[PDB]
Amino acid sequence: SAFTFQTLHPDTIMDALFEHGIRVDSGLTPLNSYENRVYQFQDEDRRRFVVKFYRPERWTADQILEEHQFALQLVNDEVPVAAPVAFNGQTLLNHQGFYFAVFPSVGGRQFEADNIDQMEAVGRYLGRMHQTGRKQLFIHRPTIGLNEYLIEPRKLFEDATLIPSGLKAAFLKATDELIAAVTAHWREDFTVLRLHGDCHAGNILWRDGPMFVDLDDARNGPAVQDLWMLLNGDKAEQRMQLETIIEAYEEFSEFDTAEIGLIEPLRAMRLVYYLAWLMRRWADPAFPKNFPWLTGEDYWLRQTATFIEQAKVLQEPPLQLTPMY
């Protein structure tokens, strides 16, 4: 289940870009992305580009093709995303034992989740995105559910090694308790469609309009998935943002208010999966280089408490007085 990190020299990359007539220009300067290896490069006219080498063992060609399609179609319906460039046939090039694609370096500033106006513009395009995304469902890419997000990680956690011994028990207990709670609130009672899959401020840029970047995680799931991670602030601030992005979102796609109940389970889901995600990629130098703590107890104690806390959010607090408003 754990990846066997295979290095990729910047030279082996130039060969790849050569084998496909992709004339570079000057230097193959690297950008930082944990999942896949991305490098930027100008063209004979100095118009910036980026090569993305999909990390082996993660996605299959049939899966990368599905997003390449999605991205390409999304462009057709006028949604702020950069589709991969085509090279005399397809978009999914492959040099040596690595697949890769080239995308038009987008550029732009940092999206401000603060500005309620940008929120609306993002919520609105997100509505046109899901409008497209609903036309058909991935067949090879995952479709968000408990298997990949909960049960698989728990299995890794078992034979982890990276979890401090005797502290693991409590942790695995807090986990089980969490997956029981999320499972009890999960439901196949919602609409599924092609999602951005990782829609949060980080993967959104702004140059007079929002621009979504990185569909590597595009998965089949509930519309809410691309909306809950946007909220920020105090309870009341999030009450209006949610209320606001839906009013804009609904211009192109109706939103099912009931999906708002799936948020705590999704957050719980992203929480437990993220631990396996890091763990599985541990042989990659970059992960012990940035997540050094992953090894200490402090971290696994805090995590244990975070899980225990999440299950309480998923259950009615025995307040009882029942103060309305």
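For every residue, the number given is its place in the sequence shown, counted from 1.
> Got a sec? Mean C-alpha B-factor, which is higher, 290-298 or 275-283?
Mean CA B-factor is higher for 290-298.
> Which is higher in the entry, the mean Cα B factor of 211-219 or that of 191-199?
Per the PDB record, 211-219.
> Would you mind finding, among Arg267, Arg48, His68, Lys52, the residue with the largest C-alpha temperature factor in the entry?
Answer for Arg267, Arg48, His68, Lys52: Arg48, with the highest C-alpha B-factor.
> If I read the C-alpha B-factors straight from the PDB entry, which of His95, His140, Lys135, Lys155 is highest?
When the deposited C-alpha B-factors of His95, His140, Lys135, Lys155 are compared, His95 is largest.
> Among the modelled residues of this chain, does the Cα B factor of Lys173 put it in the lowest, middle or highest third?
Ranked within chain, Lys173 CA B lands in the lowest tercile.
> What third of its chain, lowest, middle or highest, does the C-alpha temperature factor of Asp117 fall into?
As the PDB entry reports it, the C-alpha B-factor of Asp117 lands in the highest third of its chain.
> State the tercile, meaning the lowest, middle or highest third, of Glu250 with respect to the CA B-factors recorded for its chain.
Tercile = middle for this residue's CA B-factor.
> Split the chain's modelled residues into thirds by Cα B-factor; is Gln225 in the lowest, middle or highest one?
For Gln225, the deposited C-alpha B-factor lands in the lowest third.
> Using the B-factor values recorded in the entry, state whether the Cα atom of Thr304 falls in the lowest, middle or highest third among the modelled residues of its chain.
Tercile = lowest for this residue's CA B-factor.
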